[PDB]
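*Asks:* Got a structure here, written out as structure tokens. Questions coming.
Numbering (PDB author numbering), first residue to last: 67 to 502.
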């Protein structure tokens, strides 16, 4: 019961003995079901990890740091003080011994030192130091869009510069020993609606300033989208919530707040939605879950019409007024080896229960990652813009003809890091080797 195009990549990855694959595509809905197919198929041999807790949550996995017990600091190259294998007869050792495949979601947020520390931990623990990852097949899923990771500054930053040159996952030395076999799907539908729009994005990525001139001569419009169906995007979370609250309070209806019940260990930094979710009749919301009954999908928006203590009704914009919410409780997972065979199995250490919606008059780009929207307005604080949030705010829509931005953007906020451009153009061949 697999999709038309997911299965081809699934089999292209799951036959070769080759231990390194990167599956790239505009993520979220569509992409994720392939991840679910891989994790269910690999039940016996595979561990699912992600670089952040919030990324781990959606992937039904665990964070790299909590799994390997890496410290919350710079992970020096192959350094034994930072990268410590577990003691003998340890559960972590058994889990590393028995794993054959490591599935790493959101690889674009994986810093280079983290990937190198994963490599060393696997080599040391599995006592195969001359072959990458002790022979373990690593299955990466990211996409070159959602980059880059955080490099604070000072001597720590210099270490990243001195040892690897850059912060990106593909600058790990392990690729001098393995070719990264590459599978792009990129076909969610994207993008036959406006090939020129995709070109325009490509030209802005490559730093061609006259294309920035045409973008300004097409998208510059006042602050505030007075047109129906217009979503407001912000670079940071703090600013959008104030707009959403302003809109929510000016609503002729009685508000209702819903609860958050947790039944274990669930850190606030990992919260998938608001813990105190206040709604009103008529509120614009966006759905956050896939309906088991197939009536709704994780991400088209709509409006609250009725609010009750354990039920509210949303009219969906895509296909009219369908669905009543059912709150979910979900999936804070860490991995432990139990002797059901000597193999994988998982365990859950926390739960988070709430009806899914987020106030969706405004969203942050970060929460909007992996979603296709009808009409957008980019509000702006006039520039953060080193290798900025430009490509991935613009890419959220299919066509030029619905963008509305303040603050006509300058070229310095419009340009990919060059080390990304070389990698992107080079992984079009289907295999990637770092050059000497």
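Even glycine gets a Cβ: it sits at the ideal position worked out from N, Cα and C.
1) By DSSP, does residue 414 sit in helix, in strand, or in coil?
2) Spatial neighbours of residue 471 within its chain, please: CB distance less than 6 angstroms, with the 5 preceding and 5 following residues excluded, ordered by chain position.
3) Taking C-beta to C-beta, are residue 256 and residue 264 nearer than 9 angstroms?
4) What is the rounded straight-line gap between the Cα of residue 16 and the Cα of residue 220?
5) Less than 9 angstroms separating the beta-carbons of residue 428 and residue 449?
6) If contacts are defined as beta-carbon pairs under 8 angstroms, then residue 362 and residue 382 qualify, I think. What distance do you get, rounded to the angstrom?
7) CA-CA distance, residue 253 and residue 493?
8) Hey, residue 126 and residue 150: beta-carbon distance below 9 angstroms or not?
9) Among the residues of its own chain, which have a CB less than 6 angstroms from the CB of residue 499, if the five just before and after it don't count?
10) What number of angstroms, rounded off, separates the C-alpha of residue 131 from the C-alpha of residue 143?
11) Judging by CA-CA distance, which residue of 309, 379, 268 is the nearest neighbour of residue 491?
12) With distances taken between CB atoms, is the gap from residue 456 to residue 480 smaller than 9 angstroms?
13) For residue 478, which option in 217, 465, 489, 453 has the closest C-alpha, if you only look at C-alpha atoms?
14) Determine the contact status of residue 205 and residue 116, defining contact as a CB-CB distance below 9 angstroms.
15) Specify the secondary structure class of residue 239 as computed by DSSP and reduced to three states.
16) Starting from residue 368, follow the beta strand (DSSP E) in both directions and report where the run begins and ends.
17) Taking 6 angstroms as the limit between beta carbons, can you name the residues of its chain near residue 241, skipping five residues before and five after?
18) How big is the Cα-Cα spacing for residue 163 and residue 114?
19) Between the Cα of residue 398 and those of 373, 187, 304, 333, spot the shortest distance and give me the residue it belongs to.
20) Can you tell me whether residue 434 is buried or exposed? The criterion is at least 16 other CB atoms within 10 Å of its CB, across all chains shown.
21) If you draw a straight line from the C-alpha of residue 180 to the C-alpha of residue 414, how long is it?
22) With C-beta atoms as the reference, is residue 139 less than 9 angstroms away from residue 487?
23) Relative to the C-alpha of residue 75, which residue among 338, 67, 89 is closest?
24) Taking 9 angstroms as the threshold (C-beta atoms), are residue 495 and residue 248 in contact?
25) Would you call the CB atoms of residue 299 and residue 194 closer than 9 angstroms?
26) Less than 8 angstroms separating the Cβ of residue 330 from some heavy atom of the ligand GDP?
27) Do residue 400 and residue 390 have their C-beta atoms within less than 9 angstroms of each other?
28) If you measure between the beta carbons of residue 196 and residue 118, is that distance less than 9 angstroms?
29) What number of angstroms, rounded off, separates the C-alpha of residue 141 from the C-alpha of residue 199?
30) Give me the residue from 123, 79, 91 with the minimum Cα distance to residue 505.
31) Within 10 Å of its beta-carbon, does residue 87 have 16 or more other beta-carbons around it, so buried, or fewer, so exposed?
32) Where do the N-terminal and C-terminal ends of the alpha helix (DSSP H) with residue 488 fall, by residue?
33) The alpha helix (DSSP H) that contains residue 179, what's its start and end?
34) How many whole angstroms separate the CB atoms of residue 123 and residue 174, which I take to be in contact at a CB cut-off of 8 angstroms?
35) May I have the straight-line CA-CA distance separating residue 504 from residue 168, to the nearest angstrom?
36) Could you please give the first and the last residue of the uninterrupted alpha helix (DSSP H) stretch that includes residue 458?
*Replies:* Looking at the coordinates:
1) Within the chain shown, the letter at position 348 stands for residue 414. Residue state, collapsed to three classes: strand.
2) Taking the chain shown and counting its residues from 1, the one referred to as residue 471 is at position 405. For residue 471, where only same-chain residues beyond five positions count, the Cβ hits under 6 angstroms are 285, 444.
3) Counted from its first residue, the chain shown places residue 256 at position 190. Counted from its first residue, the chain shown places residue 264 at position 198. Their beta carbons are under 9 angstroms apart, which means residue 256 touches residue 264 by this criterion.
4) No statement about residue 16 is possible, as the shown extent of the chain runs from 67 to 502 and does not include it.
5) Position 362 of the chain shown, counting from 1, holds the residue named residue 428. Position 383 of the chain shown, counting from 1, holds the residue named residue 449. Result no, Cβ atoms of residue 428 and residue 449 do not sit closer than 9 angstroms.
6) Along the chain shown, one-based indexing puts residue 362 at 296. Along the chain shown, one-based indexing puts residue 382 at 316. Correct: roughly 6 angstroms between the Cβ atoms.
7) On the chain shown, residue 253 is found 187 positions in, with the first residue counted as 1. On the chain shown, residue 493 is found 427 positions in, with the first residue counted as 1. Roughly 17 angstroms between the two C-alpha positions.
8) Taking the chain shown and counting its residues from 1, the one referred to as residue 126 is at position 60. Taking the chain shown and counting its residues from 1, the one referred to as residue 150 is at position 84. Going by C-beta atoms, residue 126 is not nearer than 9 angstroms to residue 150.
9) To locate residue 499, count along the chain shown from 1; it is residue 433. Only 245 meet the Cβ criterion.
10) Counted from its first residue, the chain shown places residue 131 at position 65. Counted from its first residue, the chain shown places residue 143 at position 77. So the alpha carbons of these two residues sit roughly 16 angstroms apart.
11) Translated into positions along the chain shown, residue 491 becomes position 425. Looking at the Cα atoms, 268 is the closest of the given residues.
12) Translated into the one-based positions of the chain shown, residue 456 becomes position 390. Translated into the one-based positions of the chain shown, residue 480 becomes position 414. In this structure, residue 480 lies closer than 9 angstroms to residue 456 by Cβ.
13) Within the chain shown, residue 478 is the residue found at index 412, counting from 1. It is 453 whose Cα lies nearest to the Cα of residue 478.
14) Reading the chain shown from its first residue, position 139 is the one you call residue 205. Reading the chain shown from its first residue, position 50 is the one you call residue 116. In this structure, residue 116 does not lie closer than 9 angstroms to residue 205 by Cβ.
15) Here residue 239 is taken as the residue at index 173 of the chain shown, counted from 1. Reduced to three states, the DSSP call for residue 239 is helix.
16) In the chain shown, residue 368 corresponds to position 302, counting from 1. Start and end: 367-374.
17) Numbered from its first residue, the chain shown carries residue 241 at position 175. Here the set comprises 500.
18) Against the chain shown, residue 163 aligns to sequence position 97. Against the chain shown, residue 114 aligns to sequence position 48. Roughly 15 angstroms between the two C-alpha positions.
19) Taking the chain shown and counting its residues from 1, the one referred to as residue 398 is at position 332. Per the Cα distances, 333.
20) Taking the chain shown and counting its residues from 1, the one referred to as residue 434 is at position 368. That one is buried.
21) Here residue 180 refers to the residue found at position 114 when the chain shown is read from its first residue. Here residue 414 refers to the residue found at position 348 when the chain shown is read from its first residue. Computed Cα separation, rounded: 24 angstroms.
22) One-based indexing of the chain shown puts residue 139 at position 73. One-based indexing of the chain shown puts residue 487 at position 421. Cβ atoms of residue 139 and residue 487: not closer than 9 angstroms.
23) By 1-based counting over the chain shown, the position of residue 75 is 9. Residue 89 is the option with its Cα nearest to residue 75.
24) In the chain shown, residue 248 corresponds to position 182, counting from 1. In the chain shown, residue 495 corresponds to position 429, counting from 1. For residue 248 and residue 495, yes; Cβs fall inside 9 angstroms.
25) One-based indexing of the chain shown puts residue 299 at position 233. One-based indexing of the chain shown puts residue 194 at position 128. For residue 299 and residue 194, no; Cβs fall outside 9 angstroms.
26) The ligand GDP is not among the ligands present in this structure, which contains no ligands whatsoever.
27) Translated into the one-based positions of the chain shown, residue 400 becomes position 334. Translated into the one-based positions of the chain shown, residue 390 becomes position 324. Not in contact: residue 400 and residue 390 (Cβ atoms no closer than 9 angstroms).
28) Your numbering for residue 196 matches position 130 in the chain shown. Your numbering for residue 118 matches position 52 in the chain shown. No; because the gap between Cβ atoms is not below 9 angstroms, this pair is not in contact.
29) Residue numbering aside, residue 141 sits at position 75 when the chain shown is read from its first letter. Residue numbering aside, residue 199 sits at position 133 when the chain shown is read from its first letter. Going by the C-alpha atoms only, they are around 17 angstroms apart.
30) Residue 505 lies beyond the residue range present for the chain, which begins at 67 and ends at 502; the question has no answer from this structure.
31) Counted from its first residue, the chain shown places residue 87 at position 21. Classification of residue 87: buried, given that the 10 Å Cβ count is 16 or more.
32) Locating residue 488 in the chain shown gives position 422, counting from the first residue. From DSSP, the alpha helix (DSSP H) with residue 488 extends over 484-492.
33) On the chain shown, position 113 is the one that residue 179 refers to. Its alpha helix (DSSP H) spans residues 178-192.
34) As a working mapping, residue 123 is identified with position 57 in the chain shown. As a working mapping, residue 174 is identified with position 108 in the chain shown. No, residue 123 and residue 174 are not in contact; Cβ-Cβ is about 17 angstroms, not under 8 angstroms.
35) The structure shown does not extend to residue 504, since the chain is modelled only from 67 through 502, so no value can be given for it.
36) Numbered from its first residue, the chain shown carries residue 458 at position 392. Note, residue 458: alpha helix (DSSP H), 456-460.
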